[PDB]
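Inspection log for the structure reproduced underneath, given as structure tokens.
Quick note: the coordinates plus some simple rules give every number you see, no bench work behind them. Cβ atoms come from the backbone with ideal geometry, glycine included; neighbour counts cover every protein chain shown.
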Amino acid sequence: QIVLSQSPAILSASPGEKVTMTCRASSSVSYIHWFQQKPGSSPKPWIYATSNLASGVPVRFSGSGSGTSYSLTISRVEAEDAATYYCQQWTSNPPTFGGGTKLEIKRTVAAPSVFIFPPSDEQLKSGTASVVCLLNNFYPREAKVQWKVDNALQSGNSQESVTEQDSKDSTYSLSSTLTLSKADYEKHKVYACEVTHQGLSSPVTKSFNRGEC
Amino acid sequence: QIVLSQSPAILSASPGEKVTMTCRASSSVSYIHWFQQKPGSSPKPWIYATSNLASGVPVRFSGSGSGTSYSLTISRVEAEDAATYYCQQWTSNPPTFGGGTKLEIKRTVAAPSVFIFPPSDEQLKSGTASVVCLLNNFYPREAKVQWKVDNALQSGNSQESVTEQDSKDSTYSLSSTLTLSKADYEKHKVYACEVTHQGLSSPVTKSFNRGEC
Amino acid sequence: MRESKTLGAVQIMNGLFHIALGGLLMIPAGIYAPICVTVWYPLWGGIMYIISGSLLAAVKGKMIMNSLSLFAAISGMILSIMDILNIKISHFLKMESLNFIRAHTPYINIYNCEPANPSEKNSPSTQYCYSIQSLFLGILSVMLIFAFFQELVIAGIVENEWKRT
Amino acid sequence: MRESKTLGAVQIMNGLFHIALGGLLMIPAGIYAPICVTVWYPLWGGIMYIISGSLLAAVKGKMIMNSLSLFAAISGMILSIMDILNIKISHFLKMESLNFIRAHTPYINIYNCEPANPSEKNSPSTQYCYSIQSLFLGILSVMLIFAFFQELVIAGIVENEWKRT
Amino acid sequence: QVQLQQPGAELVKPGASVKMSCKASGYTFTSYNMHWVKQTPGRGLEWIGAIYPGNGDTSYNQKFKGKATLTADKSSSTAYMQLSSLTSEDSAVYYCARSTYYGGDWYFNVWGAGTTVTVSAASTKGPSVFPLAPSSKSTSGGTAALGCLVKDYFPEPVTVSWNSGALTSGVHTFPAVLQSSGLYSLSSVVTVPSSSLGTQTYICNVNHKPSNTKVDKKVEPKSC
Amino acid sequence: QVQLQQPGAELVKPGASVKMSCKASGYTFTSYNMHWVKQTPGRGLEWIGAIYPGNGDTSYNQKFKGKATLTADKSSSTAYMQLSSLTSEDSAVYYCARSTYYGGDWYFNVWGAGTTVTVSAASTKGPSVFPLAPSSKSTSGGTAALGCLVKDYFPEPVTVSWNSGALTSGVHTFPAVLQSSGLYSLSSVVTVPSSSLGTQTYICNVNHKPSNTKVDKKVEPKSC
């Protein structure tokens, strides 16, 4: 039982940048191991016994540390290095992993291409209404949607979903889905999603009246 | 520092015989390992952690034991099983091996074909004399030569050398070499080697007078 | 009781043996100490039994020190009970060892000795861990019975202190 | 000295400390014991200090028991010196532990704790071995100083025994 | 060579139990400890426990010691973990991993692909595919987005393509969201030149192999 | 694949020193302990010590702690052992062996071929090949033995064949014996039908590659 604390939680690194991530153990441990995980795959072993690279790990990586303080550093991040890195310890039963550090490819800020879709008649013919707000190809990863209905602020009844980082553009895309009954959609008229992002000088919105096509 | 005692020192086993050899530790040990060595090669790993056969070890072998008492047993000895088997322990620094057990192929007793060679003139032309007694294709491994010179018993001045077990006949051959100066050989006249073996009803001898060809 | 010479000497000996068991229990043994060590009970409790050995030298100043030594015996008997339970039922008080003692044992713990790899249950490494845990359980229970010894003798004095005064 | 009450009580406490340190030093710790444990010195030496606490009850029968307790203190002080050297300079007296104690620790030794595999010098397994060795060195040296305590007090009695008689 | 094979997914009812497996290959199965590791997005990687298949010894994380039950078969060379009394909080990826001792410490040097366990009362409903019909509402900068809402299906892997695979540039398919109905929903979208919305009849293709369901929908500003 | 390569033999003067080597290949040299083991017929297998090439830590058998000195080069991936102050009692086969941890204990799972060290003042004399001329003295049961005494050579590997290799059945070549002269001697013999001693001119062929010496001798009852 030892807690492994990783910093930062997200590391954004521009291609070729030297970067370091740290693992801090609530008690001193003989060694730390590092694993790389990419979404949809199991954690690959990456560094073992503090500093030994696993088979096929690019010598671009190195690891160091002792006692309670350990780190993994990349002399230059490649685009392929984008992953979550987990430290792990064996010094106490049970063995424990860190929370991970997500490595992100840092790029030039890009404004979200905001779009909104009404609930189409096909869905109203099912008694249900879902309003989709779309933010294409924005960066950074942060953003927030706001849902407004006759200017009243919605809450709770919207689910947020995000792509992973585009492995070519390195932007993100996000969609937000307000959901309503048919009778709820058919009460109010003016539906808006409001978007705040560092790629914008201000809040922005896309909106529609219900009834107009 | 733990002494590993193996028994027997020589195990003679007929092809197909089930046999067992034991290793006894002067103190209890977590596991015993067994190695097979054939002359002129390094010790092959054979059994590890008391009972696990090494890669390619015939399931003909098995190992068992605990604490201070361990054994290796062969359900049927093959002719290829003839080797020295060493137990080994890791439970105490330094790790220690046993004395080994030589596995021998047991066969029908055979009398030694005794022969004797005078020092030839080529060697007397070098001032030196060596008398060679030869015991071809005897079994068992035990034998003793006796050297007699005008019936006087020689001692010390003879070296004994033995083949390994013939991998086809499974007999042994032995040669004994009495050595003398030219002046010592040219004093006494009657040279004999006397052979005692379980393949004989009695002592036997081969001998020569010096001067006769 | 009247036996103030005999009883005072017993207290000094209980104090010296608490100090010895304390320093012994401070021999580096890993990430976590007993509460007894972390509170320094065998040091400050130990010298308090030496001081109430003041009744070897025959004022209510002695009542103050006897009462403090009685409080020390009670708290030591509670603290050593707690550490035995802390070792054997659950590590409910995780008293981090003094870091100059951890410097020699930074990677070991005796409040758990099951290995995460089951092959190692047979291992000498595991048997060493249970040996230290058993020694600590022994030292703590030796310290408990001598802490309980003090409580008896001091109570049998403070009883006469108040019934005299 | 005249203080026969005070000194006899000190001896009983020294005896109880030896018995406690002895049973503590018999907690399973591997193939080899200290000579103190193998000779059972803390048991038979311990009760001899309890018995020479007979001078709490005020004949040359006491001279016999005092002399035996003096011999016990001397031999205990020599035996605990030997075991400290046995641990720290060379394992020159390999006193095999009683087999009912070895049953719990059949695969470990504390008279050597260097691993044969140098990668393991960093290992927790190695740190556990040195922890037990340090505890034994501590218990033996605590037992030495209380054995030396007995020798002083008994000699300061047997001196008065012969100069009285 | 050295490889651990796991069933890729398990669907199990609440309160029920599951016995997932880990087929070892390419190494002496009995000579290594086999470990099980849970992963959940809210808790990271939790070690569950291990079995040594040689004898059969197990050890467990205390926060699992009655949830999991490890087993191994020496003959098929397979480790098993049984989870009892399953709840939402047991929905996770479960990896088997083989620990070697190497470089002076233990080391998870090979991992299974992981088994995704979903603990759900729900049943294999197929997707209600609704067109996100594009408009000036979805027009900006002269591009327009258009999409399909692959709504209210159950077992998570739907697949979506556009124009039968002929459209891939500018497509995004979002991760599915589990709704309070216990049914998954997903959106897929593409951005195109807004003038193309007139002539090009963009088609989204949906497949849900668990319900064996194929759907295609026309997505254009010819409905609202 | 995994392999430890050693020089097969070393000849060294007394009091001198030798630095034998162990070239690792096919595995991560720095991730395993490398051990050295002595073998002598009178003492069996003595473990000498080990080095961990990762850092450089060593441990030694106490009965060797000033005789051996272990070293490793991370770059050539080679372990070394240096023996000082060499004596007759240092003549041995020396194996390097790599220990893994496997099945719950340490395990010498791969070994070098071994280096035979001979500590000798002597010098590379070639063999005095004397014929063991056969006679009724060497006749029994109607067979006769005949042989060659390959006497007083030094470095141990002579090779002996008969009739340039055309005779092999019934041949024995004995292990060489080290004499009090410090020179090795060896005998080789063959048993043949005694009548063949008349016509067949049996030849023993001797080679001593250390002294680059080739010898052949006629062995027949035409001298005594």
Restricting to DSSP loop positions (anything but H, G, I, E, B) with no more than 14 other Cβ atoms inside 10 Å of their own Cβ, which chymotrypsin sites (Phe, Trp or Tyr not before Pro) remain in region B:1-76? none
Loop only per DSSP, at most 15 neighbouring Cβ atoms within 10 Å: give me the trypsin sites (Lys or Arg not before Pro) in region F:140-224, ordered by residue number. F:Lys222
Tell me the mean residue ellipticity at 222 nm calculated for chain E from its helices only (DSSP H runs of n ≥ 4, each -39500 (n - 2.57), averaged over every residue, nearest 500). -500 deg cm²/dmol
Counting only Cβ atoms, what residue of chain F lies nearest to the axis that sends chain F onto chain E, and how many whole Å off? F:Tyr101, 2
Set the Förster radius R0 to 30 Å, insert the Cβ-Cβ distance between E:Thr28 and A:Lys18 as r into 1/(1 + (r/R0)^6), and round the FRET efficiency to 0.05. 0.10
Here the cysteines of chain C without any disulfide-compatible Cβ partner under 4.7 Å are C:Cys36
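Taking the Cβ of A:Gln1 as the center, what net charge do the other residues with Cβ under 11 Å away carry, scoring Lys and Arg +1 and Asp and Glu -1? Walk me through the intermediate numbers first.
Numbers: positive: C:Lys94, E:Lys63; negative: none.
Once all neighbours under 11 Å are counted, the net charge is +2.
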How would the protein assembly as shown be classified by its alpha-carbon gyration tensor: rounded, prolate or oblate, with rounded meaning a/c under 1.5 and the a/b versus b/c comparison settling the rest? oblate
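Going through region F:1-55, which chymotrypsin sites (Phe, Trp or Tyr not before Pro) have at most 16 other Cβ atoms within 10 Å and a DSSP loop state?
Passing both the DSSP loop test and the Cβ count: F:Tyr27.
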Would you calculate a helix-derived [θ] at 222 nm for chain A, using -39,500 (n - 2.57) for each DSSP H run of n ≥ 4 and dividing by the full residue count, to the nearest 500? -500 deg cm²/dmol
Going by a 4.7 Å Cβ-Cβ cut-off, which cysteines of chain A have no partner at all? none
Dipole of region C:1-156, Cα-centred, from +1 at each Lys and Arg C-beta and -1 at each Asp and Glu C-beta, to the nearest 20 debye? 380 debye
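Rounded to the nearest 20 Debye, what is the dipole magnitude of region B:4-105 about its Cα centre when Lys and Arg each give +1 and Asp and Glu each give -1 at the C-beta?
100 debye
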Let me spell out the model: positive unit charges on the Cβ of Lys and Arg, negative unit charges on the Cβ of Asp and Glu, origin at the Cα centre of region B:113-209. What dipole size does that give, in debye rounded to 20? 180 debye
Along Cα→Cβ, 7 Å out, is where each label goes; now give me the distance between the ones at B:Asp121 and A:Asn157 in nm to one decimal. 12.8 nm
Label spacing, shortest first and in nm, from E:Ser85 to its equivalents in the remaining copies (7 angstrom along Cα→Cβ): 6.9
What's the FRET efficiency of D:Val158 with F:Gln5 using the Cβ-Cβ distance as r and R₀ = 45 Å, to the nearest 0.05? 0.05
If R0 = 56 Å, then B:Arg107 and D:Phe100, at their Cβ-Cβ distance, give a FRET efficiency to the nearest 0.05 of 0.70
How far is E:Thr28 from itself in the other copies, in nm, if each label sits 7 Å out from Cα along the Cα-Cβ line, shortest first? 2.1
Label-to-label distances across copies for A:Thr20, with labels 7 Å out along Cα→Cβ, in nm, shortest first? 6.2
Per residue of chain C, what 222 nm ellipticity follows from adding -39500 (n - 2.57) for every DSSP H run with n ≥ 4, rounded to the nearest 500? -23000 deg cm²/dmol
